[PDB]
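All remarks here apply to the structure that follows.
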Ligand SMILES: *[C@@H]1O[C@H](CO)[C@@H](O[C@@H]2O[C@H](CO)[C@@H](O[C@@H]3O[C@H](CO[C@H]4O[C@H](CO)[C@@H](O)[C@H](O[C@H]5O[C@H](CO)[C@@H](O)[C@H](O)[C@@H]5O[C@H]5O[C@H](CO)[C@@H](O)[C@H](O)[C@@H]5O)[C@@H]4O)[C@@H](O)[C@H](O[C@H]4O[C@H](CO)[C@@H](O)[C@H](O)[C@@H]4O[C@H]4O[C@H](CO)[C@@H](O)[C@H](O)[C@@H]4O)[C@@H]3O)[C@H](O)[C@H]2NC(C)=O)[C@H](O)[C@H]1NC(C)=O
Ligand SMILES: Cn1c(=O)[nH]c2ccc(C(=O)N3C[C@H]4CCN(C(=O)c5cc(OCC6CCOCC6)nc(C6CC6)c5)CC[C@H]4C3)cc21
Ligand SMILES: [Ca+2]
Ligand SMILES: [Ca+2]
Ligand SMILES: [Cl-]
Ligand SMILES: [K+]
Ligand code: NA
Ligand SMILES: [Zn+2]
């Protein structure tokens, strides 16, 4: 109940929203049916349109007008945005040459440059080029400010998840808005686009920018607009707030456009009907920039133009139906569309089995346009698992497709030609970033980056300390002229031991077997002391950022940090030059596993547990195939280079090691590789402690990794060998799930050359993802600036064309 009896006179677009039942005059009041009776009349004036004309110039102020062309309008701060152009012979902002903004040029009394965030729903990254003729204002922001060729959204590439990630710097799994539609089993409530429940505060985790600003004494403009308030009125309101006295004036403002998403759904991302919404967005930016120029604020304000996600071609006929796969289709609830989430229709049905649902959905039709996953098996790069609102069963849908439960669902709701929500690496889902203002660089292109990074930059732009978030603070320093955040490397928590030869062969009872001069006796000793370590450890050793017990182990071909707790390396580092040659494992060595005389029996794995364990086999982190000499090859068979691997995963791993590593070395002019295991049993994206481990090799204390990573670094200028690189580096990485089958790869009964590399590409990763997952910190010793290294660690090789 609102007692909507009060008035909006002098209260129009009030910045602090007043408590019910007293009636509201804020920019959100409509969406709560809480506006005062006079709201439309006083606050949503429309009389005479949105532009001055020759004859309106110098008029006597008529308060009924939408915007004013009277002499006093400037001081009052309510001129039509084109006032100085029509009435005072000024040019539109878009027609002025760009001129570097070296310092904020602000009115007296501004304590900091304001920030205006202009967000555009569904503005696909390629619109910047493809619509450039019809967007002259946006193009001036882009070419004159700082821009990326695209910005990567989060998954799912839906509106609420993305806008809330922009607000908070958090993955959907951490901020809680994991979809446009949601069921929270703890609350026993549902969240939908339509309706009331989405307003409840308990959905919305982390700390969004407006709250971060308020808590630190920076005033925030209300970010949210009732959809019926026209764009022109939103702009005029922002311009008005900017004319408030110093003590009342917000420092941050948000404009949101429903376009071009709204049209893109009806017409497809490139439908001829898409030109007009692009034109209309540009005209709005034009009104903002003209308005700012009138207030002499156009070289004072920082402007961010940002989208939430792109838009792909999707139609009704491209729908897969679960009723074509599942005989039990009525015992499940499906969250449908460009992704799928499945749970039980009723928690009192004890015969609902997720395992058989997955199996009934796996590789069933030759061209199947979705792939089922238990959520913990989704690519770790999506960070989409650690929230009770995310159903155990997930369908990753092919771009251009929909999944639905039954055909009735589709023709009882073709309506649409565009949709979004797909995997966030998909090109059609990429969106835009442009920054313009005194704090951004001038005419600068930056590489693509993820929207999780922006909250930190918006905090930097406002002088705020950001709440804990998933950006890597400093990785976007190269967007900024000043206000950079200068981080230190985290301190190493555990120092390693450097064990020498301490154990006799006969002390080892591991059930392991191996059929195995003074010049090269001193030589092998110096290799064990770390003489080739500068060849194999190019960027320093990784720092261990938690308390644990580990050893550095040197060898001719590789260096490793061996964990006495997990009985295996945390990391193994080796360099493969362009010249290097693949040899095979000789037969006298096929099942060779050798005790490592530097490491006690008690901190070692044993062959017997592998023999006993009928499901589990073993692989090696340094590949024997790439040993530098037959003598060095013995080092690769050390029990300390051994890790648990399912036979089905060995197919993957062997092909990577035997074929792909050499291929990358030829193509990249040497590669440095760091490989190791990952334990993420509770799927939170963070290194597990030992008491979190759910699986061991039968009858032993050997813990089973959930994933295996590799980080493959070379010189960005590939005319220089990886081990002799003078400048910036180039990286690609992966986090492969360690799975007892290859059900994920539909063509896996074929030759590894037809499916392994595609699987690795699917599970591409940022070094930073690996850092979270291992508690390690990489590239500690390079000659590059730390900010540049943070940028490299956030890089994701996506394997999408141009
Ligand atoms: C991305 O960045 C984010 C932000 O940095 C990272 O997430 C953080 O990770 C931290 C480490 O896991 C986590 O720290 C925990 O905090 C607990 C206190 O939590 C509350 O307070 C904070 C601060 O204001 C608040 O933000 C939290 O909000 C969460 O919860 C509500 C839902 O209830 C949501 O509104 C909100 O969306 C958010 O949910 C998300 O986080 C939780 C985990 O906290 C998930 O479970 C959800 O699915 C969702 O993803 C909270 O309101 C604190 O209790 C924890 O302490 C336990 O563990 C430590 C180890 O240090 C130990 O000292 C303690 O004893 C304690 O254990 C006790 O409780 C256990 C659990 O009940 C119990 O089993 C034990 O026996 C013990 O008695 C812990 O310190 C932090 O909260 C989140 N922050 C956010 C915002 O998510 C994230 O990791 C990054 N991602 C990646 C990949 O890097
Ligand atoms: C059906 N469906 C789709 O498939 N795509 C859709 C797209 C839109 C709609 C729709 O009309 N809506 C009607 C509403 C329109 C108004 N909105 C906001 O004011 C808003 C802004 C906003 O900014 C956050 C800033 C943070 C700083 O960085 C820039 C962005 N944060 C939110 C929510 C997250 C807190 C909502 C969008 C949401 C609704 C969505 C419905 C859709
Ligand atoms: Ca959207
Ligand atoms: Ca974990
Ligand atoms: Cl959703
Ligand atoms: K076995
Ligand atoms: Na398969
Ligand atoms: Zn949409």
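The residues of chain A that appear here are 51-463, 468-570, 576-591, 617-886 by Swiss-Prot count, in order.
Each Cβ is built from the backbone N, Cα and C atoms, and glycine gets one as well.
Per Swiss-Prot, these features apply:
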{"type": "DOMAIN", "residues": "54-97", "note": "domain 'SMB 1'"}
{"type": "DISULFID", "residues": "62-93", "note": "disulfide bond"}
{"type": "DISULFID", "residues": "73-86", "note": "disulfide bond"}
{"type": "DISULFID", "residues": "79-85", "note": "disulfide bond"}
{"type": "DISULFID", "residues": "102-119", "note": "disulfide bond"}
{"type": "DISULFID", "residues": "117-130", "note": "disulfide bond"}
{"type": "DISULFID", "residues": "123-129", "note": "disulfide bond"}
{"type": "DISULFID", "residues": "148-194", "note": "disulfide bond"}
{"type": "DISULFID", "residues": "156-350", "note": "disulfide bond"}
{"type": "BINDING", "residues": "209, 230, 311, 474", "note": "1-hexadecanoyl-sn-glycero-3-phosphate binding site"}
{"type": "ACT_SITE", "residues": "209", "note": "active site, nucleophile"}
{"type": "CARBOHYD", "residues": "398", "note": "N-linked glycosylation site"}
{"type": "DISULFID", "residues": "413-830", "note": "disulfide bond"}
{"type": "CARBOHYD", "residues": "524", "note": "N-linked glycosylation site"}
{"type": "DISULFID", "residues": "566-691", "note": "disulfide bond"}
{"type": "DISULFID", "residues": "568-676", "note": "disulfide bond"}
{"type": "DISULFID", "residues": "799-809", "note": "disulfide bond"}
{"type": "CARBOHYD", "residues": "831", "note": "N-linked glycosylation site"}
{"type": "REGION", "residues": "854-875", "note": "region 'Required for secretion'"}
{"type": "SITE", "residues": "877", "note": "site 'Essential for catalytic activity'"}
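Feature annotations (Swiss-Prot) mapped to structure.
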{"residue": "102", "record": "disulfide bond", "DSSP class": "coil"}
{"residue": "119", "record": "disulfide bond", "DSSP class": "coil"}
{"residue": "129", "record": "disulfide bond", "DSSP class": "strand"}
{"residue": "311", "record": "1-hexadecanoyl-sn-glycero-3-phosphate binding site", "DSSP class": "helix"}
{"residue": "350", "record": "disulfide bond", "DSSP class": "coil"}
{"residue": "474", "record": "1-hexadecanoyl-sn-glycero-3-phosphate binding site", "DSSP class": "coil"}
{"residue": "524", "record": "N-linked glycosylation site", "DSSP class": "coil"}
{"residue": "691", "record": "disulfide bond", "DSSP class": "helix"}
{"residue": "831", "record": "N-linked glycosylation site", "DSSP class": "coil"}
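Sequence-distant neighbours of the domain 'SMB 1' (54-97) (same chain, 6+ residues past either end, Cβ-Cβ under 8 Å): 112, 114-116, 249, 269, 271-272, 274-279, 283-284, 287, 290-291, 298, 300. Where 4 residues go unmodelled, between residue 463 and residue 468, the Cα positions on each side are 10 angstrom apart.
Rounded to a whole number, the C-alpha distance linking residue 413 (disulfide bond) with residue 230 (1-hexadecanoyl-sn-glycero-3-phosphate binding site) is 28 angstrom. In terms of DSSP helix, strand and coil, the domain 'SMB 1' (54-97) has 9 helix, 4 strand, 31 coil. Ranking the recorded positions 474, 877 by how many other Cβ atoms lie within 10 angstroms of each Cβ puts 877 at the bottom.
Long-range Cβ neighbours of residue 311 (1-hexadecanoyl-sn-glycero-3-phosphate binding site) (same chain, at least 6 residues apart, Cβ-Cβ under 8 Å): 171, 172, 173, 209, 358, 361, 474.
Spacing of residue 117 (disulfide bond) relative to residue 156 (disulfide bond) is 24 Å (Cα to Cα, whole number).
In the three-state DSSP classification, residue 156 (disulfide bond) falls within coil.
Here the Cα atom of residue 79 (disulfide bond) is found 60 Å from that of residue 809 (disulfide bond). Residue 568 (disulfide bond) sits 40 Å from residue 877 (site 'Essential for catalytic activity'), taking the C-alpha atoms as the reference points. For the disulfide-bonded residues 73, 129, 691, a Cα-Cα cutoff of 10 angstroms around residue 85 (disulfide bond) retains 73. Ranked by Cβ neighbours within 10 A across all protein chains shown, the recorded positions 209, 230, 398, 524, 831 are led by 524. Sitting within 8 Å of the Cβ centre of 209, 230, 311, 474, and not among those site residues for 1-hexadecanoyl-sn-glycero-3-phosphate, are the Cβ atoms of 171, 172, 207, 208, 210, 212, 358, 359, 475. The recorded positions shown are 129, 566, 799, 809, 831; of these, the one with its CA atom nearest the CA of residue 350 (disulfide bond) is 129. The most densely surrounded of the disulfide-bonded residues 62, 102, 129, 130, 148, judged by C-beta neighbours within 10 angstroms, is 130.
Geometry remark: residue 831 (N-linked glycosylation site) versus residue 123 (disulfide bond), CA distance 69 Å. Gap of 5 unmodelled residues flanked by residue 570 and residue 576; Cα separation 16 Å. The distance from the Cα of residue 830 (disulfide bond) to the Cα of residue 130 (disulfide bond) comes to 61 Å.
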